[PDB]
Amino acid sequence: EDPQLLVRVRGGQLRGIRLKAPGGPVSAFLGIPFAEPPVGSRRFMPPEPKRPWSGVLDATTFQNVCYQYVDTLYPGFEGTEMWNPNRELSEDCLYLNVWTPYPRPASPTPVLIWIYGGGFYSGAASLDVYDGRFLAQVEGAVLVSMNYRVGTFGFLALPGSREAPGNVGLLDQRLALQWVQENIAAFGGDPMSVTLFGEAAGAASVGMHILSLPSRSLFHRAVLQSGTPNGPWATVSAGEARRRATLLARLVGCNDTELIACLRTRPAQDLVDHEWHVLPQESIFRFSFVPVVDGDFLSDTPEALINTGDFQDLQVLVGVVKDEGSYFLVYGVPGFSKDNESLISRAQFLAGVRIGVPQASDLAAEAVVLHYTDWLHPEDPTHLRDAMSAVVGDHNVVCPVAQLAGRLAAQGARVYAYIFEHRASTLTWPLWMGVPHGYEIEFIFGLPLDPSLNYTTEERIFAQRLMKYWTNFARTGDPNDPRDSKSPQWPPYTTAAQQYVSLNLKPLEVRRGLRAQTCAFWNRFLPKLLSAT
Amino acid sequence: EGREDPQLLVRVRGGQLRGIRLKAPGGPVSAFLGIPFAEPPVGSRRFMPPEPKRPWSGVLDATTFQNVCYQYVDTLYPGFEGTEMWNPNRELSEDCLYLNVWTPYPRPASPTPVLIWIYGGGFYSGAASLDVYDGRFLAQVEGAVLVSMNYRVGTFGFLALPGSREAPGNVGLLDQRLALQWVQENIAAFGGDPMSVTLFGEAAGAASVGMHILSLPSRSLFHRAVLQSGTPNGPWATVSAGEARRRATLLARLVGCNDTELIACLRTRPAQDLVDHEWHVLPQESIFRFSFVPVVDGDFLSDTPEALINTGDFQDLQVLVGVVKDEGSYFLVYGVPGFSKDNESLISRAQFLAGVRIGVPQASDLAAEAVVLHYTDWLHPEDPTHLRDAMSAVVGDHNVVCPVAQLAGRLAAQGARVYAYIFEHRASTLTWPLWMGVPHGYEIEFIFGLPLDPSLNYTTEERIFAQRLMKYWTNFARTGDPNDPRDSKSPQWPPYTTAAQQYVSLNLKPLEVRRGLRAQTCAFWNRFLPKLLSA
Ligand SMILES: *[C@@H]1O[C@H](CO[C@@H]2O[C@@H](C)[C@@H](O)[C@@H](O)[C@@H]2O)[C@@H](O)[C@H](O)[C@H]1NC(C)=O
Ligand SMILES: *[C@@H]1O[C@H](CO)[C@@H](O)[C@H](O)[C@H]1NC(C)=O
Ligand SMILES: CC(=O)SCC[N+](C)(C)C
Ligand SMILES: CC(=O)SCC[N+](C)(C)C
Ligand SMILES: CC(=O)SCC[N+](C)(C)C
Ligand SMILES: CC(=O)SCC[N+](C)(C)C
Ligand SMILES: CC(=O)SCC[N+](C)(C)C
């Protein structure tokens, strides 16, 4: 019995497992329950705290993945399968994972809490790219990650109902945050220094905790990688959530109480089978069951909340990858595939814009096409393919990020911004997709430090830099190395200078203006257009 | 005759003329100035098409410039060369339909290609007698026969009650056409070749050239065309029949006046009364807009210039078109609060938004916002230097650059041989402030070769630059190709096409080929704003 692997938390005793990182051992406590299983009558309901347990709970293995849609586009292909569930699916999935140094920290250590993405319809804390051991071992970090409910199970809402009030997957996340405040000190973690970080829907989730008062007492800093609470996909209105839940019920053969009661009888896969059938248009980067503007978790729209919020005591790190949109094009836009160059016609570009900007009117779509066409090369398939990616990336991630960065800065927050421009040497998606959505994560988590994974020496050195920025941010709210001189420093993002950095194999380079002209199109003009028309 | 210079006596259809020997720097040229080409359009003839001049008896003295057509005279900056150089330099009169001819001295012995100049001035002003339109350098140095005519401007040239007999519209264009007919019949008497006539003009003169391209009876009267900083299409060069009628009717009311009865009453008014009220009829507070301009009458213009350039067959056409670096800047001090020639005109964002309503006067609120958003530098949205320069760009692009881009594209797509330039040299002697850059009109003095006159104080490099330009323009006149058929060593000027969109920089440096005439921004003005308009 290794006493470093025995911890007493409020619910009882746990036994962890010693894992081997390249530089040495780490302690892992995996599959720790933070809620009562949300099964049976508890489906669609807020999470309840986990009851205490007898004896020593085995926390040596990852628990089940929350029940979800499994991707089938490219069976056996690593680029898609690396995101698919890697443990059995179950509604009984409300567990979290903690990595710490071995031996455990002698003094209170800054905590990083990871919230995974997956469109609010997928994801798991057990994926290889979210492996917290490198950060634990190399940077001495205490790293936590939780499973939260996704799809109908996490986000189906009949707003105003007792039995399906909405946003319960976010409440799962919050309960895990409360768990950390109550228990993380037992692992050597510092509850007075907690940094949330996440990517895509996970980043949107972090943003929602920034915008919801009860969460604000549970953390001190935030990192939003490639996602935001504002923007076209992260939230729905109460009316649209109700429509979707009501249509789904209809499709599976089902007064809110009666409707929700019948949905609770349905096998989990019956719900998932119809998950994608309730979206209002044919689209990409759109997800059926997402956080809802309920007037409770979210007191108003994220747009409203970011415009009027006071963010003076907040430090935030935000950014994007170079090719945010490319991934999504193979899931809906004719002409696109991983298995060829996806050189498209102008006709295919105009068709794709309707799918990539599915809420756009004819005129708005026309403006998108006119803005993104290179009028020197208006029919060039390479330009048109790359423009399609840009439209989807900018509409869904880059311009929402720019908007958030600007508002948070204007309203007193300390903001740092980046663009991530390095394509992993071992990437299995084609060259044309560039640096796609999701492919900074393996570097931030430090995977290239494992020589068995076949990254280059330069990628290992780059990962070590990134882990340092992130953990320095965790320690101080400033990603710069506190001892260590050398220009260039990473300056805060401001509305005046709009400074951000490129994260690639070259030294930090400071740039100004995050797609400034194009995001003015999306953030200023298109709103004026559809409010008038 | 008997004691006079025998090399200056010429007969035309209306009778005998006596010209004058002028000194150009390289030698003598012949000038026949103030030749009448129409009956004076006075009295009962006001607003009416021109009638051919009746023959005269004896020798007509053609040694001086004739009257300038009655027009508004700029008072913005009294005494200032930058404005006064465009003001009338002879007596204002409605008796003004005269033309000028310059030729080598002695006159050429074999038929010589002819260049015909049509001046600009917003269709409300201008004169063929201005110093910058002096044909002596082209005639002396390039051996050109150069012709320039006065044409009626303002109400006198362009007031229309469409469908009426007494004020049918477009009479200033008909004045131009009659001068072109005069050249066909008479220019051989001077050694000019009626089978090689090239029209060239700037601003409204360029617009006029374009309307001759688009009007059937003009097409037999010339062979090639040059449009400098102006087009027949675009927001200022034409009005609809209904708008012309509205303006004519309002003007009549303002001066105290059934179309016959209305026009009869307008014919009783002093010319100056019409001039004094002509600015009062524009529908908005605006710049780069003019009250009395060509009308889409279904006659001279059978359809809008837009329609005609979209459907026309221009296979037999060769055209040279282009713009200066700062088309808009001039106009800002005539209407946009915050702008002046006597300070740097650094403006606020508020003054930029206000300016956009004045510079894009027909724009709805949404379109104006589209413009502001496009032209704002979102890295420096409040910087007064960028805002000033953006105000200029808005007005230049909207009114000249994007209309030219549109014209060059349609013409090339529909069979024309098109050559395109941007002129980027600022005259060393320019009296307008530096912030205005290379303003509208300030290429002309170089095309006409004024720097060849040492008394004018241009630089040596400016002289060499002028000589190149005159070569380009005259080579184009001669052959439909501005390139020298000898000189393969000099860089070549490629035709503008829709595929490659090539055009050249005209400056002190050897020709540089560039691609795309404001391609992205002109997509906004020419493809997006029109689609917005439809709803
Ligand atoms: C630039 O000038 C604009 C026009 O005002 C005229 O010129 C200036 C220099 C004054 O002498 C004034 O009396 C004239 O009427 C002004 O609107 C503008 O404010 C001036 N720019 C600045 C701030 O110096
Ligand atoms: C040319 O320069 C001289 C000498 O300074 C000056 O007197 C004359 O007025 C200038 N000529 C012109 C055309 O301005
Ligand atoms: C199951 C997986 O994560 S695939 C491994 C891809 N990686 C080593 C480049 C992150
Ligand atoms: C709890 C564990 O260690 S699972 C195996 C994870 N690995 C594939 C990244 C090594
Ligand atoms: C494209 C998607 O929405 S899922 C892919 C996995 N990821 C989002 C977590 C990176
Ligand atoms: C009356 C005039 O033309 S003054 C301008 C003279 N300049 C064009 C040679 C500078
Ligand atoms: C409407 C005007 O711009 S008048 C200025 C003189 N110019 C046009 C002939 C150069």
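Criteria and thresholds
- Residues numbered from 1 in each chain as written, not as in the entry; some residues may be left out.
- Chains lettered and ligands numbered in written order.
- Heavy atoms only, no water.
- Residues with missing side-chain atoms left out of burial classes, pairs and counts.
- Helix = DSSP H or I, 4+ residues; strand = E, 2+ residues; numbered from the N terminus.
- Near = heavy atom within 4 Å.
- Areas by Shrake-Rupley, 256 points an atom, 1.4 Å probe, with all protein chains shown as cover.
- Nonpolar A, V, L, I, M, F, W, Y, C, P; charged D, E, K, R; others polar.
- Contact = heavy atoms within 4.5 Å.
- Buried area = accessible area lost by both parts, 1.4 Å probe.
- Salt bridge = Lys/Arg side-chain N within 4 Å of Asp/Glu carboxyl O.
- Polar contact = N/O pair within 3.5 Å; in protein donor to acceptor, adjacent residues only side chain to side chain.
- Disulfide = S-S within 2.5 Å.
- Buried < 20%, exposed > 50% of the residue type's maximum accessible area, 1.4 Å probe, protein only.
- Pairing = 2+ DSSP bridges.
- Axes fitted to C-alpha atoms, helices over the stretch in contact; angles between N-to-C directions.
- Expected span 1.5 Å × (residues − 1).
- UniProt positions renumbered as here; feature names shortened; annotations may be inferred.
- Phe/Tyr/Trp six-rings, centres within 6.5 Å; stacked < 30°, edge-to-face > 60°.
- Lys NZ or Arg CZ within 6 Å of the ring centre and 35° of its normal.

### So, the overall build of chain B
Looking only at helices and strands, chain B has 17 helices and 16 strands in total. Principal-axis analysis of the C-alpha atoms gives chain B an extent of 75 × 65 × 50 Å.

### Focus: the site of ligand 6
Residues and elements named next belong to chain B. Looking at ligand 6, the residues that line it are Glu81, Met85, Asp131, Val132, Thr429, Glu445, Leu456 and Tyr458. Surface burial for ligand 6 is 79%, taken as the share of its 330 Å² of free accessible area covered by protein chains. Grouping the constituent residues of the shell around ligand 6 by class yields 4 nonpolar, 1 polar and 3 charged.

### Concerning the interface of chain B and chain A
With 21 residues of chain B at the interface, the matching set in chain A holds 24 residues. For the pair chain B and chain A, the summed buried surface comes to about 1900 Å²; carbon and sulfur atoms form 64% of the total. A per-residue breakdown of the area chain B buries against chain A is headed by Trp378, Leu379 and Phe528 of chain B, which together make up 31% of the total. Put simply, chain B and chain A have 2 salt bridges between them. For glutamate 366 of chain A, the salt bridge identified is with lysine 531 of chain B, shortest N-O distance 3.0 Å. Linking chain B to chain A there are 8 residue pairs in polar contact. Breaking the side of chain B that touches chain A down by element, the ones donating at least two residues are α13 (365–375) and α17 (519–533) of chain B. Tallying contributions element by element places α17 of chain B first for the side of chain B that touches chain A, with 7 residues.

### As for the state of the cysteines
Under the criterion given, the structure shown has 6 disulfides over all chains. A disulfide bridge connects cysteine 66 of chain A with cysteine 93 of chain A, and the sulfur atoms are separated by 2.0 Å. When the S-S torsion is 90°, as for the bridge of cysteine 66 of chain A with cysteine 93 of chain A, the disulfide is right-handed. One end of the pair, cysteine 66 of chain A, is in strand β6 (residues 65–66); the other, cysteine 93 of chain A, is in the loop between β7 (89–90) and β8 (95–101), and 27 residues separate them in sequence. The exposure class assigned to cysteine 66 of chain A is buried, which follows from its relative accessible area of 1%. At a sulfur-sulfur separation of 2.0 Å, the disulfide partner of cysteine 402 of chain B is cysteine 522 of chain B.

### Regarding the pairing of strand β16 (residues 512–515) of chain B
Residues and elements named next belong to chain B. Across 4 bridges, the pairing between strand β15 (residues 502–506) and β16 is antiparallel. Opposite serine 505, over in β16, you have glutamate 512 as the bridge partner. Linkage of β15 to β16, two consecutive antiparallel strands, is achieved through a turn of 5 residues.

### What about the sheet that holds strand β9 (residues 112–118) of chain B?
Residue and element names in this part refer to chain B. Within the open sheet, the 11 strands sit side by side as β3-β4-β8-β10-β9-β11-β12-β13-β14-β15-β16. Their pairing is mixed. Every other strand in the sheet has two partners, leaving β3 (20–24) and β16 as the edge strands with one partner each. Mean inter-strand twist for the sheet, computed between neighbouring axes without regard to direction, equals 25°. Here 7 bridges tie strand β13 (residues 318–324) to strand β14 (residues 417–423), and the two strands are oriented parallel to one another. Counterpart to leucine 320 in the pairing with β14 is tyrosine 419. Lying on the sheet, helix α14 (residues 384–413) is in contact with β12 (224–228), β13 and β14; it crosses β13 at an angle near 160°.

### Description of the site of ligand 3
Residue and element names in this part refer to chain A. Ligand 3 sits among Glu78, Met82, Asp128, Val129, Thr426, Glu442, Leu447 and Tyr455. In the complex, the protein chains occlude 79% of the 330 Å² of accessible area that ligand 3 would expose alone. By residue class, the composition of the shell around ligand 3 is 4 nonpolar, 1 polar and 3 charged.

### Remarks on helix α16 (residues 460–479) of chain B
Residue and element names in this part refer to chain B. Given a rise of 1.5 Å per residue, 20 residues ought to cover 28 Å, and the 29 Å separating the end C-alpha atoms of α16 matches this to within 8%. Looking at α16, one finds that the buried residues are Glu462, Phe465, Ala466, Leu469, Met470, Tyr472, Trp473, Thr474, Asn475, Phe476 and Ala477. A positive phi of about 80° marks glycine 480, the residue just after α16.

### Brief notes about the UniProt feature "disulfide bond" in chain B
All names here are of chain B. Measuring from sulfur to sulfur, the annotated disulfide partners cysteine 69 and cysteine 96 are 2.0 Å apart, close enough to count as bonded by the 2.5 Å criterion. Of the two residues, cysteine 69 sits in strand β6 (residues 68–69) while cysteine 96 sits in the loop between β7 (92–93) and β8 (98–104), which places them 27 residues apart along the sequence. Note on accessibility: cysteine 69 and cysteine 96 belong to one class, buried. Agreement with UniProt is obtained for the disulfide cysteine 402 to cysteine 522: its S-S length of 2.0 Å falls short of 2.5 Å.

### A look at the sheet that holds strand β2 (residues 15–18) of chain B
Residues and elements named next belong to chain B. A sheet is described by the order of its strands in space; here 3 strands give the open sequence β1-β2-β5, paired in mixed fashion. Both edges of this open sheet fall to β1 (9–12) and β5 (59–61), since each of them pairs with a single strand only. The average angle at which neighbouring strand axes cross in this sheet is 35°, direction not considered. Direction of pairing for β2 relative to β5: parallel, over a ladder of 3 bridges. Pairing of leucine 17 across the sheet is with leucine 60, part of β5.

### Comments concerning the packing of aromatic side chains
Counting across every chain of the model gives 78 aromatic pairs over all chains. Look at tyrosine 372 of chain A and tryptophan 522 of chain A: their rings are 6.4 Å apart centre to centre, the planes differ by 55°, and that puts the pair in the tilted class. Taken together, the positions of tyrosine 372 of chain A in helix α13 (residues 362–372) and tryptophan 522 of chain A in helix α17 (residues 516–532) put the pair 150 residues apart, joining distant regions of the chain. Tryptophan 522 of chain A matches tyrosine 372 of chain A in its accessibility class, with the two residues each being buried. Taking the ring centre of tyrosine 105 of chain B as reference, the NZ or CZ of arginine 21 of chain B above it sits at 4.9 Å. Across the ring face of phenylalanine 222 of chain B, the terminal group of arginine 219 of chain B is positioned such that the distance to the ring centre comes to 4.8 Å.

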